[PDB]
């Protein structure tokens, strides 16, 4: 379609992992999700599955991207575009093609687009302690994560032109709705170790056991049967959206550092607001006046990222991501210089 040249060049090598998302951000004028969305939805053929026009998809991507806050350093349209790029990369790998169905691919790419819609640059704990409208609305239980999915479906189905699910069947939409909701809710922080351990115990450990008896067609069909079940497909979806969300430590060094600055700046603004209003300081280490960003990223990678992407790597085979992870980890160590 008639896209401008810089934005067209910015989306040149979108199938590759090494991708300049900030050049696309700069080119699109903080509209990376609509341009990258139209291409990624067309490549997979999502409107052919959903039975929507291109005009419906443009209106859908605009109203959602509009509700992403530009004022937030990290949690904005450019993050979800990078998370959409991470999702599309994992779907394009052979393990995920063989395992997941086309309905899961549509559920994954839609979930990534909406997963932080109307993020206020503030955590769940902030809104619970502050007594926010959403914290009261969702009863201190997945305050942001429930609001993201809910508002997304309010904006989609509430308007006629925005609704991309209008021509679906009753059964197909119900499954896809439950798929997207689950993947959006899976990104909440407190269920990290629940969703990671389930992926190890139900997929990786059984798959490691099944690999002992050669590479026979009888054993390969049992691996095909075991992975493709509805329960295991859900656990892969929960793991894929979680890895796609926090893929920034496994990006190229230039992009990794930029994501680290934005998330840190966002937490410093929260900590300044927590002290000013007199709220309890839930994230004490993330203060601009005391935080070491290199050391904090090392702590962040060790706690959450290292074990998660190790499990995800064994399943999918991601030598580029783990090579970047090692390169970025060694960089943060090198910045001490004392």
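Numbering follows the first chain given and starts at 1. Each form is matched to the other, and the largest set of C-alpha atoms that superpose within 1.5 Å is called the rigid core.
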{"item": "Greatest C-alpha divergence in 8 other deposited structures of this protein once each structure is fitted on the rigid core, 132-140 or 210-218", "value": "210-218"}
{"item": "216-224 set against 81-89, stretch whose average Cα temperature factor tops the other in the entry", "value": "216-224"}
{"item": "Residue range whose averaged C-alpha B-factor is higher in the record, 244-252 or 170-178", "value": "170-178"}
{"item": "Residue with highest C-alpha B-factor in the PDB entry, from 282, 311, 301, 27", "value": "282"}
{"item": "Deposited CA B-factor, highest of 265, 258, 116, 160", "value": "160"}
{"item": "Chain third (lowest, middle, highest) by recorded CA B-factor, residue given as residue 274", "value": "highest"}
{"item": "Ranked C-alpha temperature factor of residue 69 among modelled chain residues, by third", "value": "lowest"}
{"item": "Chain-relative CA temperature factor third for residue 50", "value": "highest"}
{"item": "Third of the chain's Cα B-factor distribution that residue 131 belongs to, per the entry", "value": "middle"}
{"item": "Residue 124 - which third its CA temperature factor falls in, relative to the rest of the chain", "value": "lowest"}
